[PDB]
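> Following this: a sequence and the matching experimental structure.
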Amino acid sequence: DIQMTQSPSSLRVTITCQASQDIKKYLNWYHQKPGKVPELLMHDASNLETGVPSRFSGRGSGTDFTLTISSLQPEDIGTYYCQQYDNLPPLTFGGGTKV
Amino acid sequence: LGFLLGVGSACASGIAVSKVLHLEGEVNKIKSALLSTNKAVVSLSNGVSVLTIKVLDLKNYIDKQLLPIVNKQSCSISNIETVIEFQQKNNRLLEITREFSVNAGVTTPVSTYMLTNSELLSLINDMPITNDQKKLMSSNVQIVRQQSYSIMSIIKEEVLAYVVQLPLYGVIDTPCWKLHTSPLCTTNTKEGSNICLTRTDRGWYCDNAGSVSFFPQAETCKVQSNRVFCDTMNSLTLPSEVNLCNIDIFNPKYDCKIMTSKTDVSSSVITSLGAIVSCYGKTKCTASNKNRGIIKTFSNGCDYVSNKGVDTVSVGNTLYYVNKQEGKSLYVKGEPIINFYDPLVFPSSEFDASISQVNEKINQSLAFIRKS
Amino acid sequence: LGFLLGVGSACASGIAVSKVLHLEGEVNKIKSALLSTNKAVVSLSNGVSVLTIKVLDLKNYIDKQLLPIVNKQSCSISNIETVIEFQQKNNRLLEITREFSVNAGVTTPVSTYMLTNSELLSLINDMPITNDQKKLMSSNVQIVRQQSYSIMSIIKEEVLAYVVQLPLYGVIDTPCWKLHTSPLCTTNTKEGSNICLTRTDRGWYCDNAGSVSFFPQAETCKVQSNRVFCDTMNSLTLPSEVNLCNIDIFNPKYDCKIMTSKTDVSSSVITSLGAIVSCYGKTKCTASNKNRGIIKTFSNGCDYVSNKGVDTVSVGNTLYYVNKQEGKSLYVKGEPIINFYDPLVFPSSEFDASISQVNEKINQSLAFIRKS
Amino acid sequence: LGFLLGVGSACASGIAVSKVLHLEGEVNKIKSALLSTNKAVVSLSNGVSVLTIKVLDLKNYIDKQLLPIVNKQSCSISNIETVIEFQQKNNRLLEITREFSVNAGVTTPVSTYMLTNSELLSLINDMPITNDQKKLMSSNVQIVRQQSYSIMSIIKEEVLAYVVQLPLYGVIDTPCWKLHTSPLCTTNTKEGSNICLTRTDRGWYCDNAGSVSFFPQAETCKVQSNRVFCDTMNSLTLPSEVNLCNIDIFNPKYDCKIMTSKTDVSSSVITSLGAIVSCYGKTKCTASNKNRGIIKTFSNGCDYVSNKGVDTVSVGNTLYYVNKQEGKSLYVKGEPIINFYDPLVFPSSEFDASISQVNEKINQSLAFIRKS
Amino acid sequence: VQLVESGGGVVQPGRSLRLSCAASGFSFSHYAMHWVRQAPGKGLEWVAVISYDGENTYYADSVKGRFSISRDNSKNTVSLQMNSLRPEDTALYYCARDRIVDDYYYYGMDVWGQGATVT
Amino acid sequence: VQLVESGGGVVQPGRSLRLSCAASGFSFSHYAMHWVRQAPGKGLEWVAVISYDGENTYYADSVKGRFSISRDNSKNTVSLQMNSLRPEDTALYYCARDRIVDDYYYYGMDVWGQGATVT
Amino acid sequence: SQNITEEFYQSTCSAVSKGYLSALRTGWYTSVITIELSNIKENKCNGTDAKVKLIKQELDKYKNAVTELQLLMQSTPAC
Amino acid sequence: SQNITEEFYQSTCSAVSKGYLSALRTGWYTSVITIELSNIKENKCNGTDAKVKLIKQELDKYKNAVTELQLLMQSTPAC
Amino acid sequence: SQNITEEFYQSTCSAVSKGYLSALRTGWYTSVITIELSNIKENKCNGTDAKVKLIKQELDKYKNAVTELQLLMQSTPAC
Ligand SMILES: *[C@@H]1O[C@H](CO)[C@@H](O)[C@H](O)[C@H]1NC(C)=O
Ligand SMILES: *[C@@H]1O[C@H](CO)[C@@H](O)[C@H](O)[C@H]1NC(C)=O
Ligand SMILES: *[C@@H]1O[C@H](CO)[C@@H](O)[C@H](O)[C@H]1NC(C)=O
């Protein structure tokens, strides 16, 4: 199992998350509105899925992954989540902030 | 095993019929049958009962409209709307002679200009066959049109007739299985000290009236994800005990076919579900996914990798792709058959041998030494 | 026996010429020759004397009529029948590039668009050959158009030229004979105790200037009911004593070619007149008519059935058809050659052997055991 | 050596994608991406990122102009020039179905109608590759169009899509060399007393990431006077010491491949510069020029003749033409290798052997006699 | 495109509960299905994955042995079975879909739905 | 189409002389080059010939060993080198082209030019 | 329930896929296609008009196809 | 300076030509081509004119191509 | 009198058919075909009329065929 630490918990907004092992680029970023379904922002930590603007961006590395926002928008509030999907099926989400 | 099958005439049932239209007083019978009727069953002078069509009636235009005009020395066509209409009608007839001018008489596959889909279905519907053979070829027109020949028959007595030869399927709904062979080989550090063999009877097997057919050519067979659509012109029959060879190699009921050599190459075989990767010597054999890269590394010897989660098998420098059907694979954990034989004495040079035949050669050579 | 023939360049007599038009100052020579003359003999810088044509004169239309109009900023074509006429003339030039865009430059067979039939007869009529070779190609245009290559030569200096390479027949009217071989095999109830062999020197034989040619490829030859129309690129010459092998197999003047294996399959060969049916093991070999069903049932061993009254030969599950030519067949009632050899000691594995070579192997093995 | 290469699926990376367009809710994604945009990058449900185009927009004509008219029971088209325009636009769609009606779904090479030349350049320019592979592909369109597959994918939801599969060249600018082999034989007056062997490792050799590839099929490779444009799907890799076999045949680092027979034929091999003429027995082998006739007469045994001043090599009755490239040939004056072996004891029957393997057979057979 | 699930209510610890999750729109027989639960205000955590074919299953390490997941393709529904429920399972579940087709490897979630509540 | 050569003048016997012959028009890298000299009013006689590629050369038997001929394809020029000229070499030279392309056998002359004079 | 299934034998290193269905071509069925065409001797009418020029051009092209196909019938098919 | 060069070995009677360049096809690249076509139910309008007759004839030919291609999709490609 | 005749030998089980005639292709004969085409720079004239539109469309097709054939000459034939 891989425990995942995401900081700063409960804080332009930039969030950094680390991992206990070396996962190459297997990071997904989730955005959950308060009381709504957690729509998925981006896959493989760099590619943005359809339905989100170009404000979001991602930086990946062997050890740590960083999400950056170009600028805050009124409809850009809620908690954020991270996921790793390494070789084995075990998936770990981890903590989440409150933007 | 491509040489063991018999050689036969491709189209000898079409040329035989065309040789009947050439005798005097025959083509008039066909014309009389097609009197104010497109499709009608006719009986030839040979004794067969062929089915005839009257495609592309062109006399009703040129003879009725354009002939009285151009023979009056002061011809005058009314409007351009007639010329364009006439050019379309006179386009099918040009393509027929254009396609016959390069193949010298015999055409394969029959093109759309010759027997279009609108008339092929009308020709199938009135063939003298059962209610299942019609169903099979009605929904697979693009295959029965790839195994059909057309032959220039006659142009005599002011009429053009060319015979179209269509396939007729006799055996339907019997299980065909196909086996893929790989050259299993023993592994040693010192090159030249390793002997090995490989099975040769690869291809398609399935039953035909209490026996089993066998097509050695793996490329002369089609696939519709359930059917084979092959032909018996290039197939050699075998006794129905050939199925026991796959599970019991050392059975005495029926000996299998093998070939032997003293060389090994890292070559793969792409099966229906997965690849039989076989890397030998000093090579890097790998099976990788399309989203995660390397996920498996094989060792020396035969190995099997399924297509569930594996999308690319790489051996050495080549990069084979794997088919993506859906079927339940299986693995029978056995032990290699090569370890029984002694590498000291071995018939290393064979091209068409058998398990028994190779056994006899070792039995003779090993016992001959044991005299004194 | 297809690997014994030498490999040669398919079309190296056309690429050599096309490499000559590329040098500076050569294309202008061709243009001057075709000054108000369609067909004219020209001499290249290589030293050869090629024949040239001027097909599809297209400058006389676009440059004279349509060019002054479209360059005036207020173009206005009068009527629609001019547009339709222009589309037909430009149609041929489009088809040439379409057919050249997928073959990468070399085309075979030459299509009707490339060298039309109305001009190929004019190109043949002025070749430097005798009066009998011309007649051969004049009545067989559909064959000489199947053994011809066309190549991109040059498009430089505002002209399009492509070399057409036509075959030239040197040897006419010498008797070609062809032999068909079947694997005669001994019959025994106990499987695996039967040895047998088959001749491999099958193909087309005929004389060539005091010798005999031999094409081992049975598919690269045509038939017009009297001619063969083959080529010498894939043939190997033999001494003129090969004809003695057919009648005197055990002659010492010239040894024949055989191959040996310890397996047998009921396989037929469809000859020009009848089928050499050879059924072994436990199979039902039959020859049937199309109006009376079964008329003959063969026993184990080689057998011959004529085409006079037999229209279908069936072996096992396959149903071969029989050619329907007309000629006098004959039967030589001899005795099988296999009964001489002893099944105990035999060179079971051969792929390219001879009567002498197999005899030596038996002679060595039988005499060696006679020491003690 | 054609059987030693592995067999793989020709087009299995296109059928996999075509199976992805079929699941529900996918073809709507493609349609939405191509909204007022011809070429765009789309990501499928398989995780891949294909590139899509919107060729032949036809809804803008029929739905806008011809649809409101023909559904009024009193249609009336204004002028004839409207019809002629519509026939040209509708002509391309007819040709596509004609090409699919005989190939049963898979077409190769891709014709101009399917993916035109004016578009294939725009499709190459946006492929995620380097800036050198693009240059190689952009100047050799007529070759990359001969190695491309197209598959009928889907016509569901009122839109027609067919996947075009293009080659991707990975290894560029590494030196490829090719060797030609001839069956050198010893010359004796008495027939049957002469043996010989010939090398079977003919084909294309060149490096691939620290190793050497080998294409045994000499026909499935192109030439542009500097490039080979081969494919790794039908090639077997070898250790990098194969080049030492050419200069040192008897080296122990890597054994070469030979085949042996006791028959000799006068067969030539047309190389890139000249011919390896090898005349044996009693035949007249000759090399002649096109302006002076006979200029050279070879003796028995292997011989080499360059293409400088020689324009025709004749052996027996055949007449091979010689390629006319420009390069510096060379002659290494060695001694024939067959003279070492003793014709008395010799493994005359081989099809896949080696220098060591034949050496072992002679070593065992000669020493076995030496007992007593 | 949406998929709905049922099975809400409250049960005393010690009673089993099997809740289903229907699906419409997308081709059900080509996707894998996940189950993720979330306590009100807390973070999401993953529980079990059923493969598209149905011969592969991977329960969460923290909660294993007392879980059972089943998949049916004829009625294109997925059912999750629990037993011996303990009071830290009182949360909101979520029946979600994957984003890759016909693979035995799993890459996140793509399509969610209105989850169910237990206890 | 024409080709021009230089190198005129008078030199005492014992002085070397290298005269060139430029070429324009025809593709020079595919043809052989000949040198022939003619005394005023006398008959033409043959001198060395250089092959098109440049490893084959044949000098006249009467004058051999003291002659050198060079060919360059980059500047498409041909140069003839002489040493120890003797009084019977006073003639008009001619730098002429062949009439066959890419052959190692030589067949006459086709294109001539205004030659130079020596001594 | 299941169509395709494949087994792999480690002993002989030769897999086998079962579950297909057969369709074997046993015999042929002859069918004659008849095309009716009208022969024309020669067009005697001339004219500088455009519409008639197209008709005479196509009729000549029609005659060539029949004439070309006339000599192709003489040789027997090669098969 | 020189591209092609060939050496001949008298000992083994096997010549080799050196100096070419490689272009090896390693992998494939999928690219989807989309063609947009508009369906039509059936043309109810008639007429004895000529220009309209051509349009109805060609639209019928367009419809047959779509119908023929409709049944060609069910079968899986054979490669 | 008789053209085709076939012999069958029971001893070697190999039949032979005699009486054919030869036609062997010994050498080739080169023939050059010249097609004359006129180049065009660019059509500067516009117009909303229909008859002119067809001519400009076809002339563009003519120019493209020459353009695509221009780059095909550079590569040598493969044969
Ligand atoms: C030869 O084979 C038979 C049966 O396969 C066996 O009984 C016999 O022992 C073998 N020969 C020797 C010398 O072992
Ligand atoms: C070997 O062959 C020769 C002639 O073919 C024959 O005279 C001799 O008897 C044979 N050897 C034996 C041992 O019979
Ligand atoms: C067998 O070969 C080895 C090395 O190749 C050689 O030393 C030996 O002498 C050979 N055997 C005989 C009997 O000469």
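That came through fine. Numbering: from 1, shown residues only, chains lettered A, B, ... in the order given. Ligands and ions are numbered 1, 2, ... in the order given.
> Tell me where chain A has strands.
For chain A, the strands defined by DSSP state E occupy A:4-7, A:14-19, A:27-32, A:38-43, A:47-48, A:56-59, A:64-69, A:79-84.
> Dump those strands to CSV, plus distance to chain B and mean neighbour count.
Every C-beta, even on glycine, is put in place using the N, C-alpha and C of the backbone. Compiled in CSV, those are given as follows (distance: least, CB to the nearest CB, whole Å; neighbours: other CB atoms under 10 Å in any protein chain shown):
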stretch, distance to chain B, mean neighbour count
strand A:4-7, 19, 16
strand A:14-19, 17, 17
strand A:27-32, 13, 22
strand A:38-43, 10, 20
strand A:47-48, 12, 14
strand A:56-59, 17, 16
strand A:64-69, 17, 18
strand A:79-84, 13, 21
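> out of those strands, which comes closest to residue D:83?
strand A:47-48 (49.2 Å; CB to CB).
> Within the sheet, what are the partner strands of that closest one, with directions?
strand A:38-43 (antiparallel) (DSSP bridges).
> Report the inter-axis angle for the strand it pairs with versus strand A:27-32.
Angle of strand A:38-43 versus strand A:27-32, following axes from the mean of the first three to the mean of the last three CA atoms, to 10 degrees, is 150 degrees.
> Tell me how far stretch B:269-285 lies from the chain's centre.
26 Å (CA atoms, centre = their mean, to the nearest Å).
> gap between the two ends of that stretch?
Stretch B:269-285 has an end-to-end distance of 13 Å (CA to CA, to the nearest Å).
> Tell me if it is near chain G.
Yes: counting by CB under 8 Å from any CB of the partner chain, chain G is contacted by stretch B:269-285 at B:271, B:272, B:273, B:274, B:276, B:278.
> Return the subset of those residues lying in strands.
When these are checked against strands (DSSP E), the matches are B:276, B:278.
> From the residues of stretch B:269-285 next to chain G, pick the one nearest chain H.
Distances from chain H to those, taken as CB to the nearest CB, are shortest for residue B:272 (12.1 Å).
> Give the helix, strand or coil label for the closest residue to the closest one other than its chain neighbours.
Nearest-residue entry for residue B:272: residue G:17, 4.5 Å, with adjacent residues in sequence omitted and distances by CB to CB, 6 or more residues apart in numbering or on different chains. Secondary structure of residue G:17, reduced to three states by DSSP: H, G, I helix; E, B strand; the rest coil: strand.
> Please name the residues that touch residue G:17.
B:177, B:178, B:179, B:180, B:271, B:272, B:273, B:327, G:4, G:5, G:6 (CB atoms under 8 Å, 6 or more residues apart in numbering or on different chains).
> 7 Å - rerun?
B:177, B:178, B:271, B:272, B:273, G:4, G:6 (CB atoms under 7 Å, 6 or more residues apart in numbering or on different chains).
> Greatest separation within these: which pair is it?
B:177 and B:273 (13.0 Å).
> In terms of neighbours, single out the busier of these two.
Per other CB atoms under 10 Å in any protein chain shown, whichever of residue B:177 and residue B:273 has more neighbours is residue B:273, with 23 against 18.
> Could you find the residue nearest the spatial middle of the chain?
Unless you meant another one, I'm taking chain A. Geometric centre of chain A, nearest residue: residue A:29, 3.0 Å, by CA atoms, centre = their mean.
> To clarify, I was referring to chain G.
residue G:33 (11.4 Å).
> Residue B:55 is in contact with that one, correct?
Yes: with contact defined as CB atoms under 7 Å, residue G:33 counts as touching residue B:55 (6.1 Å).
> What residues does residue 5 make contact with?
Picked chain A for this. With CB under 7 Å, 6+ apart, residue A:5 has these contacts: A:17, A:18, A:94.
> that's the wrong chain, I wanted chain G
Each residue near residue G:5 by CB under 7 Å, 6+ apart is listed here: B:327, B:328, G:18, G:19.
> which residue packs closest to the closest residue to chain F within chain A, ignoring adjacent ones?
Nearest to chain F, among the residues of chain A, is residue A:46, at 53.5 Å (CB to the nearest CB). In this structure, residue A:46 finds its nearest non-sequential neighbour in residue A:58, 5.0 Å apart by CB to CB, 6+ apart.
> do residue E:102 as well
Spatial nearest neighbour of residue E:102, excluding adjacent residues (CB to CB, 6+ apart): residue E:30 at 5.6 Å.
> where's residue B:18, which helix or strand?
helix B:12-21 (DSSP states H and E).
> which helices and strands sit right next to that helix?
On a contact count with 3 or more CB pairs under 7 Å, 6 or more residues apart in numbering or on different chains; DSSP states H and E, helix B:12-21 meets strand B:149-154, strand B:160-172, strand G:23-35.
> please redo it, this time with the cut-off set to 10 Å
helix B:27-33, strand B:149-154, strand B:160-172, strand C:318-321, strand G:23-35 (3 or more CB pairs under 10 Å, 6 or more residues apart in numbering or on different chains; DSSP states H and E).
> As CSV, those with distance to chain H would be great.
Formatted as CSV, the helices and strands packed on helix B:12-21 follow (distance: least, CB to the nearest CB, whole Å):
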stretch, distance to chain H
helix B:27-33, 28
strand B:149-154, 20
strand B:160-172, 16
strand C:318-321, 23
strand G:23-35, 13
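> Out of the ones you listed, which is closest to ligand 2?
For ligand 2, the closest of the helices and strands packed on helix B:12-21 is strand C:318-321, at 40.0 Å, according to CB to the nearest ligand atom.
> what's in contact with whichever helix or strand comes after that closest one?
On the C-terminal side of strand C:318-321, the closest following helix or strand by DSSP H and E is strand C:328-332. With contacts defined as CB atoms under 10 Å, 6 or more residues apart in numbering or on different chains, strand C:328-332 is touched by C:247, C:271-274, C:304-308, I:2, I:4-12, I:15, I:17, I:19.
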